[PDB]
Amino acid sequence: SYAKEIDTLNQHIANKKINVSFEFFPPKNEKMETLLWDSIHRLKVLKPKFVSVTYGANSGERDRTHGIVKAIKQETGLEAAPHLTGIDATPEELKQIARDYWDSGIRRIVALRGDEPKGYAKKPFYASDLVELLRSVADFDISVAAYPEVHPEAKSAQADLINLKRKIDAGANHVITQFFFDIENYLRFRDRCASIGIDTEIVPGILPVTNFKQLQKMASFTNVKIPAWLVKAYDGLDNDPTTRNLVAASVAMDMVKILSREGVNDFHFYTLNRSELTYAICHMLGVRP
C-alpha cells in the first residue's frame, strides 16, 4: 500500500549532507529589490553551496548581475555565481568579463548560450564555446544547463545529450536541470547521463509553483510538460495566493522527497526572489540553520 511507503520515506528524510543552491534574478524596482534582499538574508542561514544570479541576454541589465553578485559576497559571505550568456557579446568581451570576475573573487560561473529574439537566425555560437573560452581565462568551476525533456531547438534527444557531454568535456564540472514535473522522466534522463560518461550529479532545478499563470508563460518557451493533475490542482486559484502557496508546498515537497529517496542529494531552487517555499522545502530536507 501507499501508507507504508510514505512513512518510510518521511523517516528516511528525518544523515546525508544535502547541498542546496539558490537562484535569484536581478530586480528592476524598489519593491523587488527589497523582496530580493529579504530573501537573501533569510536563506543564508541554511549555508547553501552557492547562490546564483541570472543574466539578461540582451536586457541591458547585464551590469546588474555583476553588482549583485559582488554585493552578496560582501554582505553575506556566501559564494555567489553570476550567470553569463554568449549570444550578446564578442569573445573579447566575454574574456574581459571572465577576467574581471576572477580578479573579483568569483570562482563559479553559470555558463549559458542565451536565446536570440524570437524569429532570428541563430548565431553559430553555443554554450560549449563559452565553456572553452571561460577555461581559457582561469580555473572556473562552471555550471551548465541540462534538459531532461530535451531542449526545444535540439536536433534530437540523442544530440542534446551528446551536447551536454560536450559541455562537460570543454570543462564544465556542475550540471543544473531545467525545471520539470515528470519525476520519472528526470530519473531516466539522469541515468542516460551516467551512461554517456558524465560523472557529476545531474542537479534538479526545483521550481515552486506560486503563480500558475506565470508558470504557463515560462513553460511554453521551454518544452517542459505540465501534467494534467497540476493544471487541475491550480484551476480556480487565480486570486487565491494563500491556497496556491499550500498546494505548491505539497507538490514540491513530494518531488523533493522522491528525488531524495532515489539518491539525489543536490538541489537548485528557482526562488524567483521569494523565500517562503524554498526555506520550508529545505527545512523538510533537513537543511536547517
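Residue numbers here begin at 1 and follow the sequence given.
Worksheet item: Between residues given as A14 and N15, how many of the deposited sequence are not built: none, 1 to 3, 4 to 9, or 10 or more?
Response: Just 1 to 3 residues are missing between them.
Worksheet item: Per the PDB record, is the mean Cα temperature factor higher over 239-247 or over 31-39?
Response: Comparing averages over the C-alpha atoms only gives 31-39.
Worksheet item: For the C-alpha atoms alone, is the average B factor greater in 219-227 or in 259-267, going by the entry?
Response: Between 219-227 and 259-267, it is 219-227 that shows the higher mean C-alpha B-factor.
Discussion item. Highest recorded C-alpha temperature factor, please, choosing from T85, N163, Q74, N173.
Written reply: Reading the PDB entry, the winner on C-alpha B-factor is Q74.
Practice prompt. Just say lowest, middle or highest third for the CA B-factor of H283 relative to the other modelled residues in its chain.
Written response: According to the entry, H283 has a C-alpha B-factor in the chain's lowest third.
Item to complete: Grab the CA temperature factor for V144 from the record and place it in the lowest, middle or highest third of its chain.
Response: Lowest third.
Worksheet entry | Third of chain Cα B-factors occupied by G119 | It falls in the top third of the chain.
Worksheet item: What third of its chain's C-alpha B-factors does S104 belong to: lowest, middle or highest?
Response: Answer is highest: the recorded C-alpha B-factor places it there.
Practice prompt. Would you mind ranking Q158 by its C-alpha B-factor against the rest of the chain and naming the third, lowest, middle or highest?
Written response: For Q158, whose C-alpha B-factor we compare with every modelled residue in the chain, the answer is the middle third.
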